[PDB]
Amino acid sequence: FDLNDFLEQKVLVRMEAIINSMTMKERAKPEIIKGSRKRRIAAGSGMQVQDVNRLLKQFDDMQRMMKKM
RNA sequence: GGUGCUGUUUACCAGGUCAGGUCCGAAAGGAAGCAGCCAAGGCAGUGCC
C-alpha cells in the first residue's frame, strides 16, 4: 500500500494536487519525503508544508491501519 | 575529447512545455509553476574525426 493507492481513494481535489506534485519514487517509498522535498511538493501544488504533512499523516494512518490486518 | 547511435541513470538547486493545484484581478484576463513529458547532464558500449 503506497501513495498511488491512497490516491485511488469536496477538498479531496486539494489532496490529489499534493500527491500530483510528487515524483514516482516519492509515491512509492513515501519515507524518502523529508524537508526539501515537502518544500518542493507544497509549492508545486500551491499548498504549504503543513498541508503536505497533514496529507502525509492521513496516508500514514491509512497505512498503519492496513499494516494491521 | 568531438560527433552519431544504442542501453542506463537524474526530486528542487535560474532549459522548454506545463495536466493537476496555487497566486493576482469584479471581470476581461494576467503571473509563477510541481509531477509528467521533451530536452539536457551523469555512467557505459559501438562507429566516425
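Letters A, B, ... mirror the listed sequences (proteins, then strands); counts begin at 1.
The CD1-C1' distance, from A/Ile33 to B/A35, rounds to 12 Å in whole Å. Separating the CZ atom of A/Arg39 from the P atom of B/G33 is a distance of 15 Å, rounded to the nearest angstrom. One can place CE of A/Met22 at 17 Å from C1' of B/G33, the figure rounded to the nearest angstrom. As rounded to whole Å, 10 Å separates atom P of B/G36 from atom CE of A/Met24. Rounding to whole angstrom units, CD1 of residue A/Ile18 and P of B/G21 are separated by 13 Å. Going from atom CG of A/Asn20 over to atom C1' of B/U22 covers 13 Å, rounded to whole Å. Rounding to whole angstrom units, CD of residue A/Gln48 and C1' of B/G21 are separated by 13 Å. The distance from atom CD1 of A/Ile32 to atom P of B/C12 is 12 Å, rounded to the nearest whole Å.
On the P atoms, B/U17 is 10 Å away from B/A32, given to the nearest whole Å. Remark: the separation of the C1' atoms in B/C5 and B/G20 is 37 Å, to the nearest Å. Going from the P atom of B/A28 to that of B/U10 covers 43 Å, rounded to whole Å. The same atom, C1', is picked in B/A35 and in B/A11; the two are 10 Å apart, to the nearest Å. When the P atom is used for both B/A27 and B/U6, the distance is 50 Å, rounded to whole Å. Comparing the same atom, P, in B/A19 and in B/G33 gives a spacing of 13 Å after rounding to whole Å. To the nearest whole angstrom, the two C1' atoms, one in B/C48 and one in B/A14, are 37 Å apart. On the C1' atoms, B/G30 is 44 Å away from B/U3, given to the nearest whole Å.
Note on A/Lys25: a side-chain N or O is less than 4.0 Å away from OP1 or OP2 of B/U10.
Checking A/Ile41, A/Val49, A/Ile33, A/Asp51 one by one against A/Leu56, the side-chain contact (heavy atoms from CB on, under 4.5 Å) holds for a single residue, A/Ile33.
Heavy atoms only, all atoms of each residue included: A/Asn53 and A/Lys38 are closest at OD1-NZ, 2.9 Å. Considering all non-hydrogen atoms of both residues, A/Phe59 and A/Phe1 come closest at CE1-CE2, 3.6 Å.
Nucleotide B/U8 forms a pair with B/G42, judged by Watson-Crick or G-U wobble geometry with both contacts under 3.5 Å. Pair check for B/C48 finds B/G2; Watson-Crick or G-U wobble, both atom distances under 3.5 Å. When both distances must be under 3.5 Å, the Watson-Crick or G-U wobble mate of B/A27 does not exist. Nucleotide B/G20 is matched to B/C34 when pairs are restricted to Watson-Crick or G-U wobble geometry with both distances under 3.5 angstrom.
Looking only at distances, no side-chain donor or acceptor of A/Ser45 sits under 3.5 Å from a matching main-chain atom of A/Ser21. The backbone N or O of A/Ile19 lies less than 3.5 Å from a partner atom in the side chain of A/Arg27, making a donor-acceptor pair. A donor-acceptor contact shorter than 3.5 Å links the side chain of A/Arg39 to the backbone of A/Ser36.
With the nearest nucleotide of RNA chain B identified for both A/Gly44 and A/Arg27, A/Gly44 has the one nearer the 5' end.
Judged by ring centres under 5.5 angstrom and plane angles under 30°, B/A19 stacks onto its neighbour B/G20.
Counting non-hydrogen atoms under 4.0 angstrom, A/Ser36 reaches a base of the nucleic acid.
Evaluation of atom-type donor-acceptor distances gives a pair under 3.5 Å for the side chain of A/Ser21 against the base of B/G20.
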